[PDB]
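Throughout, numbering of the chain's residues begins at 1 and tracks the sequence.
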Amino acid sequence: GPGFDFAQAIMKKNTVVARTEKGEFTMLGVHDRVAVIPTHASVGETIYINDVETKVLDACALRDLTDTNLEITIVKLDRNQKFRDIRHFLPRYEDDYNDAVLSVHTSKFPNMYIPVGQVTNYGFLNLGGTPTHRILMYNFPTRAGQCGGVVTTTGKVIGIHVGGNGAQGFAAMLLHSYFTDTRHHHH
Ligand SMILES: *[C@@H](CC(=O)OCC)[C@H](C[C@@H]1CCNC1=O)NC(=O)[C@H](CC#C)n1cccc(NC(=O)c2cc(C)on2)c1=O
Ligand code: NA
Ligand code: NA
Ligand code: NA
Ligand code: NA
Ligand code: NA
Ligand code: NA
Ligand code: NA
Ligand code: NA
Ligand code: NA
Ligand code: NA
């Protein structure tokens with residue numbers, strides 16, 4: 001069976017509704033006041049979290065050493081609540097996965113779970129014309145409004161949903177080394 005119980009506990013405590021100029025996205029909180037959102041959401045200086053306008057204190061659009069989009073943007077928010085630290089649920093390496101759950105938390109869909117089946121390390125994807133790397137694939141007709149959706153197996157948060165074409169769906173990997181504590185001018 002899919003890990004429905006695990007997906008639920010991640011959604012209860014570590015998701016919020018994020019709204020940018022592009023619209024609403026499920027947003028996974030990872031630790032403290034640090035969360036993720038698809039890069040194509042176009043995060044700016046402020047963002048709405050659960051319909052509350054919130055200062056975006058930092059935003060890092062991840063790219064790899066080939067200078068290629070990874071479709072993950074990490075944000076640091078000015079909010080009073082800390083997110084439960086779930087970094088230990090993150091995969092250390094790239095991997096293929098069995099029988100995963102995709103979970104959405106938006107205004108339209110406050111609590112919804114989609115078993116997407118097997119998830120394979122896809123690698124390169126031309127995402128809406130942007131070369132992208134480190135992509136996970138599932139053969140499932142995901143749909144508009146599900147970007148940012150959290151992809152889990154039991155015990156692991158493996159990525160967030162970033163696109164699809166009516167036949168397959170795609171998530172950007174989440175790796176533990178993206179959120180370890182570490183001087184670097186990054187803007
Ligand atoms: C999520 C965006 C969203 O939720 O926005 C909230 C405001 C959707 C999810 C897609 C739509 C249909 N099925 C899905 O899983 N993302 C998109 O529509 C993305 C966003 C980006 C970038 N998008 C835009 C343009 C093209 C595509 N798809 C492809 O390029 C593609 C290539 C292959 C193979 O499969 N898809 C896309 O996902
Ligand atoms: Na909107
Ligand atoms: Na950051
Ligand atoms: Na680790
Ligand atoms: Na509504
Ligand atoms: Na192919
Ligand atoms: Na396109
Ligand atoms: Na929609
Ligand atoms: Na296909
Ligand atoms: Na750490
Ligand atoms: Na850590």
Exercise for the section: Please identify each residue that fulfils side-chain hydrogen bond (donor to acceptor under 3.5 Å, both in side chains) with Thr152, with sequence neighbours left out. Expected result: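 Listed in chain order: nothing, the list is empty.
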Practice task
Tell me, please, which residues at least two apart from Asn98 pass side-chain hydrogen bond (donor to acceptor under 3.5 Å, both in side chains).
Solution key: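 Expected list: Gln118.
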Show me the side-chain donor-acceptor pairs of residues 63-70 shorter than 3.5 Å, one per line, residues at least two apart or across chains.
residue, atom, partner, partner atom, Å
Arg63, NE, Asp67, OD1, 2.8
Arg63, NH2, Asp67, O, 2.8
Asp64, OD1, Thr66, N, 2.9
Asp64, OD1, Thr66, OG1, 2.6
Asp64, OD1, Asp67, N, 3.3
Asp64, OD1, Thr68, N, 3.0
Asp64, OD2, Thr66, OG1, 3.4
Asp64, OD2, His133, ND1, 2.4
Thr66, OG1, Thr68, OG1, 2.7
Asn69, OD1, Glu71, N, 2.8
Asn69, ND2, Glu71, OE1, 2.9
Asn69, ND2, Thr132, OG1, 3.1

Exercise for the section: Name all residues meeting the ring pair (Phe, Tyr, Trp, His ring centres under 6.0 Å) criterion together with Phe140; count only those two or more places apart in sequence or in a different chain, and write none if there are none. Expected result: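 Once residues adjacent in sequence are excluded, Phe140 has no partner under the ring pair (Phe, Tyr, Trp, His ring centres under 6.0 Å) criterion.
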Practice task
For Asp5 and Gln8, indicate whether the former's side chain and the latter's backbone hold a donor-acceptor pair under 3.5 Å.
Solution key: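 Side chain of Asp5 to backbone of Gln8, a donor-acceptor pair under 3.5 Å: no, none is there.
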Exercise for the section: Group every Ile, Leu, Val, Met, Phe, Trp and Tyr by side-chain heavy-atom contacts under 4.5 Å, then state whether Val17 and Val104 land in the same group. Expected result: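 No, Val17 and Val104 fall in different hydrophobic clusters.
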Practice task
Can you tell me which residue pairs pass the ring-ring contact (aromatic ring centres under 6.0 Å, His included) test with a partner in residues 61-103, sequence neighbours excluded?
Solution key: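 Checked against ring-ring contact (aromatic ring centres under 6.0 Å, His included) - neighbours excluded - the pairs reaching residues 61-103 are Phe6-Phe89.
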Problem - All pairs passing ring-ring contact (aromatic ring centres under 6.0 Å, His included) where residues 43-65 contributes a residue, at least two apart - result: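 Of all non-adjacent pairs touching residues 43-65, none passes ring-ring contact (aromatic ring centres under 6.0 Å, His included).
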Handout entry: Donor + acceptor pair across side chains of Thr73, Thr39 (<3.5 Å)
Key =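 Yes, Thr39 and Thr73 have a side-chain donor paired with an acceptor closer than 3.5 Å.
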Partner residues of [X] under the salt bridge (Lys or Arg N to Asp or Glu O under 4.0 Å) criterion, sequence neighbours left out:
X	result
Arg79	none
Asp32	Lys82
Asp85	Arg87
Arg143	none

Atom pairs and distances, side-chain donor-acceptor, residues 154-164, under 3.5 Å, sequence neighbours left out:
residue, atom, partner, partner atom, Å
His161, ND1, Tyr138, OH, 2.7
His161, ND1, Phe170, O, 3.4
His161, NE2, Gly163, O, 3.4

Handout entry: Contact check, side chains of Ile74 and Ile72, non-hydrogen atoms, under 4.5 Å
Key =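 Of all side-chain heavy-atom pairs linking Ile72 with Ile74, at least one is under 4.5 Å.
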Exercise for the section: Please name all residues satisfying side chain to side chain contact (heavy atoms under 4.5 Å, CB included) with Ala100, sequence neighbours left out, ordered by chain then number. Expected result: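 Listed in chain order: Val116, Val119, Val151, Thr153.
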Handout entry: Salt-bridge present (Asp51, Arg19; N to O < 4.0 Å)
Key =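 Between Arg19 and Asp51 there is a salt bridge, with a charged N closer than 4.0 Å to a carboxylate O.
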